[PDB]
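Using ideal geometry, Cβ is built from the backbone for each residue, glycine included, and neighbour counts are taken over all protein chains shown. What follows draws every value from the coordinates through simple rules; no lab data is involved.
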Amino acid sequence: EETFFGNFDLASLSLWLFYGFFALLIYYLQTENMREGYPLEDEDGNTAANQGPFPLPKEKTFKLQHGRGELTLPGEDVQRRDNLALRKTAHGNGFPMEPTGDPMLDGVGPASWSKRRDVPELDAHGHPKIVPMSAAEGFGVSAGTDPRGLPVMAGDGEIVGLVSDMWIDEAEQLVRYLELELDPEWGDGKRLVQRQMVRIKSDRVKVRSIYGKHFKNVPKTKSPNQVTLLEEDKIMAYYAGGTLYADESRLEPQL
Amino acid sequence: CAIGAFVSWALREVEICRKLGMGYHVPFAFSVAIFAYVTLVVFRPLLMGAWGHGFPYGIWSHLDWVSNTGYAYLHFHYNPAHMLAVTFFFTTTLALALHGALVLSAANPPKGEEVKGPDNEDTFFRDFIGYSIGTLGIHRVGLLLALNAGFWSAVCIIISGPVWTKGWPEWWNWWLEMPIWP
Amino acid sequence: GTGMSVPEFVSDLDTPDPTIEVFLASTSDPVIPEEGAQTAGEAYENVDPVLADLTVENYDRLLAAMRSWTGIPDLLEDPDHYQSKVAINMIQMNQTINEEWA
Amino acid sequence: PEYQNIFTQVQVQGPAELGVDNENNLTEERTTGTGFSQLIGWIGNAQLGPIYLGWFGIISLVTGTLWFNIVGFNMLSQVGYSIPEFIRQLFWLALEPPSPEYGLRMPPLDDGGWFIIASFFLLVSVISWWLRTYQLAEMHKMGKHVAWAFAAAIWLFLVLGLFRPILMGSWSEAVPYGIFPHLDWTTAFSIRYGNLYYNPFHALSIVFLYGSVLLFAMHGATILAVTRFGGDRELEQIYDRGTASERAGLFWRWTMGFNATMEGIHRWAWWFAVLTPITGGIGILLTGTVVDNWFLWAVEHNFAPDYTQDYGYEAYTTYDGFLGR
Amino acid sequence: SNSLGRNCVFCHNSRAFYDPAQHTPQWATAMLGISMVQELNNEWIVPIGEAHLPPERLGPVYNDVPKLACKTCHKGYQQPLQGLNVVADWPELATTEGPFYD
Ligand code: BCL
Ligand code: BCL
Ligand code: BCL
Ligand code: BCL
Ligand SMILES: CC[C@H]1c2cc3[nH]c4c(c3C)C(=O)[C@H](C(=O)OC)c4c3nc(cc4[nH]c(cc(n2)[C@@H]1C)c(C(C)=O)c4C)[C@@H](C)[C@@H]3CCC(=O)OC/C=C(\C)CCC[C@H](C)CCC[C@H](C)CCCC(C)C
Ligand SMILES: CC[C@H]1c2cc3[nH]c4c(c3C)C(=O)[C@H](C(=O)OC)c4c3nc(cc4[nH]c(cc(n2)[C@@H]1C)c(C(C)=O)c4C)[C@@H](C)[C@@H]3CCC(=O)OC/C=C(\C)CCC[C@H](C)CCC[C@H](C)CCCC(C)C
Ligand SMILES: CC[C@H]1c2cc3[nH]c4c(c3C)C(=O)[C@H](C(=O)OC)c4c3nc(cc4[nH]c(cc(n2)[C@@H]1C)c(C(C)=O)c4C)[C@@H](C)[C@@H]3CCC(=O)OC/C=C(\C)CCC[C@H](C)CCC[C@H](C)CCCC(C)C
Ligand SMILES: COC1=C(OC)C(=O)C(C/C=C(\C)CC/C=C(\C)CC/C=C(\C)CC/C=C(\C)CC/C=C(\C)CC/C=C(\C)CC/C=C(/C)CC/C=C(\C)CC/C=C(\C)CCC=C(C)C)=C(C)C1=O
Ligand SMILES: COC(C)(C)C(=O)C/C=C(\C)CC/C=C(\C)CC/C=C(\C)CCCC/C(C)=C\CCC(C)CC/C=C(\C)CCC=C(C)C
Ligand SMILES: [Fe+3]
């Protein structure tokens, strides 16, 4: 084969064309990923003087099901929190924040929740997606150990109550939450725990993230038959905040 | 220096995970790549008896090492562990393509149409092939496939020098000469 | 750094070729010819390639070497056997290998 | 330790899910009958079936079965119809492409005709399967991403078997149908045209394959680590952002200085996987038709390394020294 | 490779199998051996045996006279008998002309 000039043949031309295409593709991919969380701010809440090398993308629109309307991004941050019990530890940028009161009750740090919609998630029929097992037709335990009736163990080794029900996902056939009935010495009412923070044994259920005295302050649901997205975010954030805030030794250096 | 840097990177990831309140899956997954690198530069030269068995640090010169090491066992495609590792690599790539495609197709319908949900995805794959793994099983399967790819790559390289010395086609003589054949 | 090397098991490197000791148990030193020594042609009826050898060399080559290196105990006894005719050519082939392919 | 969410602790089972429908009436062609497997329920869904039966699926099944049977019966006849010897040599047999002397003409059945018939049936089967995957997404009122990513692999498939042999002018350039015999073709192809390492498109293909495996490891680990916040429900996180997405983004932002969104990570994944066969096919199509020795090409373009030391064992050791005498 | 008990990087830098400047010194000896084997097969071994050998030495198909190759002498070692000197004791097999017992 012949060369146009020097060593330039078809392979070199293909290589250079691919280089140009890949540059354009990298630009597109980076731009598509800036639809949430922009523009940037400083630690005092004001818009930062620096905004980056890549400009912001144009707007796209989603059409939601069950008559919830439209969503256009990028836009205003509707999931933003209003009053945070946090304090600055330096006059400049780049340093941590310090909780003002109780981080577990105020929802800061690893205990943070996002402000989602106050409605339950639906399935294709238009019904609430997550339902207690007592109101699911034809469902039952098919394998593994049934946890209903077993006692619940706290992270410090205290028995706080018993498992009274399970909340399952009918469309996907999976268990999402475990419902507990608290003893009078450890609070009143019922609480939910996500299935991803428990270990089911032959005689007990173990929850290691929070202690016995933390179980009365778990956020509660408004209704006994459904849970909204906000409530779920608030409940799971509470359980995850204990991995750092339950004990003073969990926060200080381990060495 | 490189070993120190890689271990420091993993421990920094652990500290970030702890501060954010997450699980430690990402540092554990990175540990397997670290293990493959350490097998390439530490364990195999140690078993073979010389530091000179490691690959050089050059963009185009570390391919010559792979070529010459592959041709020192004659036909390297006949290594069974290499076969397993190659299969895992191909399957991981296919699964990633399918997963990305399904999620994008759910979130981005044709113009003028409402978005879809997990029920729709489950229905597309049961219609397509008769089984659906679910939105939680696909992530487990992808992680397991990638980790298996790394582990079997390490095994395949570590058996070539210190455990087997002849050519790799000769290994199948156990199958070719079983007593059960006439 | 190029990866060009040959691996071998250490225990295999210490096991020699088992046929080396067999050759050393069947070889002997040559005998320097004397002045006007009797040849093999004048004592028997043999073929020309091995006819001009000495007598002692003829013994130490015929039996001590060829009848043990190939396992034929009566080799070159009957001149009409096919083995004798093949061996006569093989002597010349060996000489050619040692001379023209050094 | 804490639960890691790799195997499910307890399983529940209800009525079988027959699937959604619309005016397109998908229920008409669906089979009736489902099963449950408790062994695969530890890792994913337990339900098996049902399936969709169309014209494209049936055509693809029949043609693929025909291709398989032609290859198998040729392999069986090549050994004398001896079943024990057919089993003994299964990995070494193949159905071989025609000889180079026939060009693009039709060869005899003894020397490649069966190969051509089997290739035609396999091509029909694969194209019919692609048509089925397009039609299902059209009837479900979804996007066409699955079909486009299957078409990217079909591109390398077609380049390997159809386009390059036509460009070179011989059916003898195709790949034999066998296990050890196709791995022999791979090695011989690499040796014949120099060194395939020094093909820049082979290097780009390796880049994208490595990157796709790395990306799947990262994404799987990240989603499993935020599942305690309901992170595996990705679509609802796209429609209504929650704390799982924020934590997942902030991890990688604090690690390497930039991050993605819940929807944008799948675009990255889709492109890295699809770019592998495209660059691979471009590289394969350029070999033999444009470049005939890739190492000499690298020498010409000045990216082949140079070595100073000597060759041979006598420059480093001694034969007696290696043997230990 | 199976005849000498070595691998490919013995005699070759596999990044360029064609290049004469990337070969080792054992590649020239192999090149000489190819011609030597061709000559031995076509001039000495095949022509005899076709005239004397009995039918029980002719092989399954084609009824062929046996032939030799690399492994007939090397037998899986880098050198035949690992380099033993076998010609110093036998001057009669070293040259075509009269033996030199000097
Ligand atoms: C003649 C050549 C032989 C051959 C010789 C070999 C040899 C020899 C080897 C393999 C190896 C492999 N072969 Mg093979 N192989 C051949 C042909 C093939 C073919 C094919 C024909 O299609 C395929 C698909 C493969 C593929 C493979 C994989 C199974 C495997 C790759 C290792 C890996 O991914 O570990 C991935 C893991 C790593 C090593 C990555 C480590 C990453 C580290 C921890 C992070 C570094 C950070 C970095 C510095 C940061 C920079 C960025 C910053 C901005 C600075 N082989 C041919 C036939 N093959 C290799 C293997 O398995 O080794 C383990 C190997 O050594
Ligand atoms: C890319 C360069 C070479 C090539 C490089 C390699 C290398 C290198 C290897 C494979 C290996 C395999 N190759 Mg090949 N192979 C190529 C192209 C193909 C094509 C094709 C384009 O039609 C097919 C059907 C196959 C298929 C196969 C299987 C025989 C085997 C398993 C790997 C695999 O698919 O895992 C990925 C799996 C998926 C993506 C999907 C999983 C679905 C099933 C498993 C598909 C397999 C097909 C089936 C086994 C083929 C018929 C076999 C009979 C039923 C007995 N190869 C190209 C031409 N091939 C491996 C091997 O031989 O291991 C023993 C191996 O190491
Ligand atoms: C894995 C088994 C073999 C191997 C087989 C191959 C083969 C075969 C190929 C590569 C190729 C590459 N190899 Mg190598 N390579 C090996 C081990 C390594 C190691 C290591 C463990 O330290 C590194 C860092 C590399 C790096 C590289 C890149 C230079 C290149 C692109 C692949 C890639 O990273 O994309 C995957 C990962 C990403 C997409 C993440 C991005 C990482 C970037 C691109 C890499 C930066 C490396 C940098 C230039 C070197 C270090 C700089 C220091 C900071 C000073 N190789 C081992 C020995 N390597 C390809 C090549 O040469 O292309 C031209 C190629 O064809
Ligand atoms: C000695 C061997 C040569 C070599 C020879 C080749 C050759 C030859 C080729 C590769 C190719 C590839 N090489 Mg290379 N390669 C070498 C060494 C390596 C090494 C290494 C040493 O580390 C690596 C990592 C690789 C890696 C790769 C891949 C990146 C690439 C394959 C693309 C792909 O997506 O495959 C995935 C495979 C496919 C998608 C094939 C198509 C599959 C279709 C879709 C199957 C249809 C379905 C089927 C028919 C039906 C099944 C029935 C079921 C039961 C239902 N090579 C050495 C240098 N390499 C290929 C390439 O693209 O090169 C540019 C190629 O052709
Ligand atoms: C099966 C496991 C797969 C995997 C997983 C994996 N990799 C990972 C992770 C995970 C889960 C991370 O979390 C981590 C990350 O942060 O990714 C963004 C990472 C990572 N894997 C990376 C790369 C990488 N992964 C690879 C492969 C894989 N990664 C596997 C396929 C490969 C190859 C060759 O296929 C590469 C190149 C990095 C982008 C990143 C971590 C790198 C890092 O930050 O290292 C810290 C150190 C530095 C900043 C630079 C150190 C420089 C040295 C001191 C000098 C150079 C030495 C080197 C040996 C020279 C090499 C020269 C070459 C020419 C050979
Ligand atoms: C890796 C992806 C490939 C793939 C795989 C695949 N096919 C599958 C499955 C999977 C993972 C199933 O789970 C499902 C099945 O039931 O397998 C036993 C199936 C199936 N899809 C099929 C068609 C099919 N899909 C195809 C495509 C593909 N699917 C991809 C190439 C093709 C090809 C290659 O063109 C065909 C021919 C059959 C192989 C099988 C038929 C299933 C069916 O008709 O309906 C669902 C099942 C029932 C009728 C009820 C249960 C009876 C089962 C058929 C047997 C197993 C029952 C047992 C009690 C459980 C044991 C565990 C099982 C996992 C084996
Ligand atoms: C982006 C590139 C990657 C990729 C992508 C990719 N592959 C794909 C897709 C995508 C996006 C599909 O949508 C499609 C699919 O169906 O996925 C489930 C597919 C697919 N990729 C496949 C194979 C494949 N992909 C490969 C590679 C890759 N795929 C790349 C890594 C490879 C290799 C070598 O690495 C292979 C071997 C198939 C599983 C499937 C295409 C199915 C197809 O076309 O089938 C045609 C039908 C036949 C030939 C009939 C066969 C008849 C059989 C003899 C019996 C009947 C089938 C039965 C179910 C099998 C036997 C079961 C036993 C229990 C009896
Ligand atoms: C759903 O969920 C998910 C997400 O979310 C939504 C995600 O997003 C992601 C993430 C995925 C993507 C974003 C897709 C794209 C990803 C890839 C293609 C992967 C490959 C990645 C790369 C090629 C890039 C990786 C880059 C690396 C590793 C280099 C970055 C590192 C550095 C620059 C150094 C780090 C800095 C350190 C250690 C601190 C500095 C040290 C000090 C002591 C501070 C003191 C200061 C100084 C000494 C001087 C000042 C220092 C400076 C300025 C630092 C910079 C350095 C310089 C030299 C200038 C996934 C998977 C996910 O599933
Ligand atoms: C006899 O026993 C029974 C009945 C049980 C059997 O049936 C047994 C069967 C077997 C044991 C079968 C075994 C089969 C294999 C091991 C098969 C292996 C096959 C491969 C590895 C195939 C690879 C194929 C292709 C590759 C690598 C690349 C590209 C190919 C193509 C693009 C093919 C397409 C061809 C075309 C378009 C040419 C068509 C020509 C025209 C003129 C239209
Ligand atoms: Fe995902």
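The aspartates and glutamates whose alpha-carbon is closer than 12 Å to the alpha-carbon of A:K63, local same-chain residues fewer than 8 away aside, are B:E113, B:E114.
Fewest to most neighbouring Cβ within 10 Å: what's the order for D:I59, B:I180, B:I3, E:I45? Working shown, then result.
Values: D:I59 17, B:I180 7, B:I3 12, E:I45 20.
By the 10 Å Cβ count, ascending, the order reads B:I180, B:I3, D:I59, E:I45.
Specify, per residue and in Å³, the volume enclosed by the convex hull of the alpha carbon atoms belonging to the range D:1-94.
Details: hull volume 20.4 nm³, N = 94.
Convex hull of Cα atoms, per residue: 217 Å³.
Between A:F22 and A:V141, the contour length at 0.36 nm per residue exceeds the alpha carbon distance by 37.7 nm. Relative contact order of chain A: 15 percent, from C-alpha pairs under 8 Å at least 6 residues apart in sequence.
Would you mind working out the magnitude of the charge dipole of the range B:38-137 relative to its Cα centre, with +1 at each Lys and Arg C-beta and -1 at each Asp and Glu C-beta, to the nearest 20 Debye?
Values: 4 positive and 7 negative charges, 85 e Å.
About 400 debye.
Note on B:139-150: average number of Cβ atoms from other chains within 10 Å of each residue's Cβ is 6. Pop the C-beta distance of A:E98 and A:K213 into the FRET formula with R0 = 30 Å and round what comes out to the nearest 0.05. My answer for the efficiency is 0.80. About its Cα centre, the dipole of the range A:6-72 is roughly 460 debye, where the only charges are +1 on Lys and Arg Cβ and -1 on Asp and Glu Cβ.
Averaged over peptide B:58-64, how many Cβ atoms belonging to another chain are found within 10 Å of each residue's Cβ?
Working: counts 2, 3, 7, 7, 3, 7, 13.
The mean count of partner-chain Cβ atoms within 10 Å per residue comes to 6.
Each residue, A:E32 and E:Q79, gets one label point 7 Å from its Cα in the Cβ direction; the gap between the two is 6.7 nm. Taking amide H as placed 1.01 Å from N in the peptide plane, D:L48 has its amide H under 5 Å from the amide H of D:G35, D:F36, D:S37, each at least 5 places away in sequence or on another chain.
Once C-alpha pairs closer than 8 Å and six or more residues apart are averaged by separation and normalised to the residue number of the range D:52-173, the relative contact order reads 34 percent.
Helix E:26-40 axis versus longest C-alpha principal axis of chain E: approximately 20°, rounded to the nearest ten. If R0 is 51 Å, what FRET efficiency do you get for D:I51 and A:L84 from their C-beta distance, rounded to 0.05? That gives a FRET efficiency of 0.45.
Residues whose amide H falls under 5 Å from that of A:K63, counting only those 5 or more places apart or on a different chain, are B:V115, with hydrogens built in the peptide plane.
Charges only on Cβ, +1 for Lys and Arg, -1 for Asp and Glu: so what's the dipole of chain A about the Cα centre, in debye to the nearest 20?
Working: 29 positive and 40 negative charges, 117 e Å.
That gives a dipole near 560 debye.
How far is the Cα center of the range B:1-21 from the Cα center of the range B:102-168, in Å? Spelled out, the Cα-based centre of one part sits 27 Å from the other.
Solvent-free Debye calculation, one equal scatterer per alpha-carbon of the protein assembly as shown: log10 I(q)/I(0) at 0.05 Å⁻¹ equals -0.46.
Panel order for A:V175, A:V108, B:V163, by other beta carbons found within 10 Å of each beta carbon, from fewest to most: B:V163, A:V175, A:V108.
Just from its helices, what would the mean residue ellipticity at 222 nm be for chain B, if runs of 4 or more DSSP H residues each count -39500 (n - 2.57) and the sum is divided by every residue, rounded to the nearest 500 deg cm²/dmol? Intermediate values should be presented prior to the final figure.
Working: 8 runs with 117 residues, N = 182.
Helix contribution divided over all residues of chain B: -21000 deg cm²/dmol.
Think of it as helices only: each DSSP H run of n ≥ 4 in chain C is worth -39500 (n - 2.57), and spread over all residues that comes to -9500 deg cm²/dmol at 222 nm.
For chain B, a Gaussian network of Cα nodes joined below 10 Å ranks B:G161, B:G23, B:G49 by mean-square fluctuation, and the top entry is B:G23.
Counting partner chain Cβ atoms within 10 Å of every residue's Cβ in E:81-93, what's the average?
Numbers: counts 6, 8, 6, 6, 0, 3, 2, 3, 7, 9, 3, 13, 9.
Average per residue, whole number: 6.
GNM on chain A, C-alpha springs below 10 Å: top fluctuator among A:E121, A:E172, A:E231? Of A:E121, A:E172, A:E231, the Gaussian network model singles out A:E172 as fluctuating most. Cross-linked pairs A:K88/B:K19; A:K58/A:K234; A:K60/A:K115; A:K206/A:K234; A:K129/A:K220; A:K115/B:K19: Cα-Cα separations exceed 24 Å for A:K58/A:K234. Against the main long axis of the alpha-carbon atoms of chain C, helix C:82-100 sits at an angle near 60°.
Test of the criteria: in the range A:1-50, which GluC sites (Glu not before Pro) are in a DSSP loop and have at most 16 other Cβ atoms within 10 angstrom of their Cβ?
Numbers: sites: A:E1, A:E2, A:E32, A:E36, A:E41, A:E43; in loops: A:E1, A:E2, A:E36, A:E43.
Sites meeting the loop and neighbour criteria: A:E1, A:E2, A:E43.
Within the shell of other residues whose beta carbon sits under 9 angstrom from the beta carbon of A:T243, the net charge comes to +2, with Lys and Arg scored +1 and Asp and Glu -1. The phi-based Karplus calculation (6.51 cos²θ - 1.76 cosθ + 1.60; θ = phi - 60°) puts the 3J(HN,Hα) values of the range B:7-22 at 5, 4, 4, 4, 5, 4, 4, 4, 5, 5, 4, 5, 5, 7, x, 9 Hz, whole numbers, x for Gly and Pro. The fraction of all Cα pairs in the range A:133-173 landing in successive 5 Å bins from 0 to the largest distance is 5, 18, 24, 21, 14, 10, 6, 1, given as whole percents.
Placing a pseudo-label 7 Å from each Cα along the Cα-to-Cβ vector at D:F7 and E:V87 gives an inter-label distance of 7.0 nm. Label positions at A:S202 and E:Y62, each projected 7 Å from the Cα along the C-beta direction, are separated by 7.2 nm. Note that the range B:36-182, at 4 °C in a medium of 1.567 mPa s, gets a Stokes-Einstein diffusion coefficient of 68 µm²/s from its Kirkwood radius over C-alpha pairs.
Once you've got the GNM for chain E with C-alpha springs shorter than 10 Å, pick whichever of E:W27, E:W44, E:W90 has the biggest mean-square fluctuation. Result for chain E, Cα springs under 10 Å: E:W90 fluctuates most.
Go ahead and run the numbers for FRET between C:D74 and D:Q89, Cβ-Cβ distance against an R0 of 41 Å, rounding to 0.05. Show your work: numbers first, answer last.
Details: r = 45 Å, r/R0 = 1.09.
Using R0 = 41 Å, I get an efficiency of 0.35.
Among A:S164, D:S128, a tally of other beta-carbon atoms within 10 Å of each Cβ gives an order, fewest to most, of A:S164, D:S128. Amide H contacts of A:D165: A:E179, each under 5 Å away and 5 or more positions distant or on a separate chain (H built 1.01 Å from N in the peptide plane; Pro and chain starts excluded).
So for the range A:76-220, averaging the separation of alpha carbon pairs under 8 Å that are six or more residues apart and normalising by length, what relative contact order in percent results?
On the way: 226 pairs, mean separation 25.1, N = 145.
It rounds to 17 percent for the range A:76-220.
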